[PDB]
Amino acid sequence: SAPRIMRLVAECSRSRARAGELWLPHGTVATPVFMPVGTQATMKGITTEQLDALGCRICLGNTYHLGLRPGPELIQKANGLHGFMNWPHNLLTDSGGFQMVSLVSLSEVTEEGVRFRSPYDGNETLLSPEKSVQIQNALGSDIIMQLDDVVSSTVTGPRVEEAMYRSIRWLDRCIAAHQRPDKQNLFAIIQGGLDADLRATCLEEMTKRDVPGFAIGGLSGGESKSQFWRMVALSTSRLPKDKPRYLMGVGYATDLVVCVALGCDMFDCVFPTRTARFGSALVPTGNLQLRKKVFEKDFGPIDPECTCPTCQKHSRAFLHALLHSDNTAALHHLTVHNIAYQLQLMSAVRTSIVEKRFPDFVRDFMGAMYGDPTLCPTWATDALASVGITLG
């Protein structure tokens, strides 16, 4: 009944890979899409303008870092979070509850919401589904995330089932609190941890609600890669095909390609930024460790196929010297490049899907990444074989 925000351009015959279009209030976004953090909280980070120049048409943004106390913040801006960020394209804004429960061990979770006491004076801050959705309505982001009860995937016990059912109840609360469904798209977040039955229950129950899209939560928490890819495959097997699948917290290139093969459409991770901080640059063969002296007299670019400004203007040797003379500017250049590599990777994946050659693409990618596609990690081989893709 409700209008679908996603159009399927193509689906490959073997895997679950999909190429599509998100039609959002600030423009169309090609999927599968990696979503960089547009929030400027980092002193060392790429700017919104450079993201626009790279071709990024949707990024992540929250106001958790602003203000006086921890939690999401109203900004009291006439143009909302888009005006605050000077961003003409699409924004995805999480609830802020994940950061509130992860960054502060003092914060506690009750059915009423996420509770915190002031570090300075013990002031009590409560983030309820109602408050989360009201803040997100004021911010005006294009896609807003349900407030959910997040538990560590390493945790086992009744707490997992408790959080799953609480996430369902909070999904209903957020749906009810959500004004402006004509301008913002609320996504549910599938919970259940590594328990197949709990996650299957969460799938069956959450897909009963007519929300524009669905996300897969509680993965990439230190769980085994077997459990990770099995949970992803379960989720996408039971999520509707005419709506987006957003897998939160995965940025490794191999994980991206594999989870595209499993049916995921949207991704996010701060991995490119962290990789840059080690003096490392992402390439089809993995990463170049530019601090090493084998690049001292290497005057080629990071990647002669890369279209990013760093590869247009600077060489490996310049970056190698800059890492040891001005680590910060080198970090900025490597950040630009790694984000451009993530975008270039997603674009090439989508192109391979549209041209009906995705399995050959995966084979080439694994060969370049690991030497020969049969040297691919065992978990990725299992995952790919589960949806009809064999290597070599």
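We number the residues from 1 along the sequence you see.
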Inset, instruction - Look up the CA B-factors in the entry and say which stretch, 116-124 or 236-244, has the higher mean. - result: 116-124
Legend entry - Selected stretch [higher average CA B-factor]: 28-36 or 324-332: 324-332
Inset, instruction - Using the temperature factors in the entry, find which of 268, 148, 265, 197 has the highest value at its Cα atom. - result: 197
Inset, instruction - Could you say which of 172, 255, 108, 130 has its CA atom at the highest B factor, as listed in the PDB entry? - result: 108
Legend entry - Third of the chain, ranked by Cα B-factor, where residue 96 sits: highest
Inset, instruction - Among all modelled residues of this chain, ranked by Cα B factor, put residue 82 in the bottom, middle or top third, i.e. lowest, middle or highest. - result: lowest
Inset, instruction - Place residue 142 in the lowest, middle or highest third of its chain's C-alpha B-factors, as listed in the PDB entry. - result: lowest
Inset, instruction - Could you look up the Cα B-factor of residue 387 in the entry and say which third of the chain it sits in: lowest, middle or highest? - result: lowest
Legend entry - residue 220 - which third its CA temperature factor falls in, relative to the rest of the chain: highest
